[PDB]
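Derivation of every value follows stated rules applied to the coordinates shown; laboratory data play no part. Here the Cβ is made from the backbone with ideal geometry for all residues, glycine too, and neighbour counts use every protein chain on show.
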Amino acid sequence: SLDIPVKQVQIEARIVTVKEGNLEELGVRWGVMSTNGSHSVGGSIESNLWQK
Amino acid sequence: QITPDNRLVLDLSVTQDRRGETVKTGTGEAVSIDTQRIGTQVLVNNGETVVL
């Protein structure tokens with residue numbers, strides 16, 4: 001009664017992955033340098049000491 | 001194993017490995033292995049093919 005043919009099974013796994021990304025950057029760089037005669041304007045102290 | 005009604009029960013191991021890159025281990029190095037393996041027990045008719 002025990003020894004009989006058995007069944008068979010088919011198993012299928014499925015792994016799925018999805019990715020998205022976005023990036024944005026804005027930047028600014030500016031400078032000035034002016035002199036008037038005994039009067040100056042700059043962006044640092046070494047700047048004013050150089051334009052002399 | 002051969003059964004009465006023209007069928008086989010197979011205990012199967014099939015592999016296909018290769019030699020891979022040489023990774024770093026401690027202060028030393030060693031060789032890694034790339035593998036594909038399947039091991040099963042199946043039941044298949046006498047002279048035909050099945051996909052494992």
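Expressed in nm², what is the orientationally averaged projection area of the convex hull enclosing the Cα positions of chain A?
9.6 nm²
Please identify the GluC sites (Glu not before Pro) of chain A that satisfy two criteria: DSSP loop assignment and at most 14 other Cβ atoms within 10 Å. Which are they?
Sites meeting the loop and neighbour criteria: A:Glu12, A:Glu20, A:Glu24, A:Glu25.
Step through the residues of segment A:17-23 one at a time and calculate ³J(HN,Hα) from phi using the Karplus curve (6.51 cos²θ - 1.76 cosθ + 1.60, θ = phi - 60°), rounding each to whole Hz and writing x for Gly and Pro.
My calculation for segment A:17-23 gives 9, 9, 9, 9, x, 9, 8 Hz in order.
Restricting to DSSP H runs of at least four residues, report the calculated mean residue ellipticity at 222 nm for chain A, -39500 (n - 2.57) per run over all residues, nearest 500 deg cm²/dmol.
Computed ellipticity for chain A at 222 nm equals -2500 deg cm²/dmol.
Residue by residue through A:5-11, how many Cβ atoms from other chains fall within 10 Å of the Cβ on average?
2
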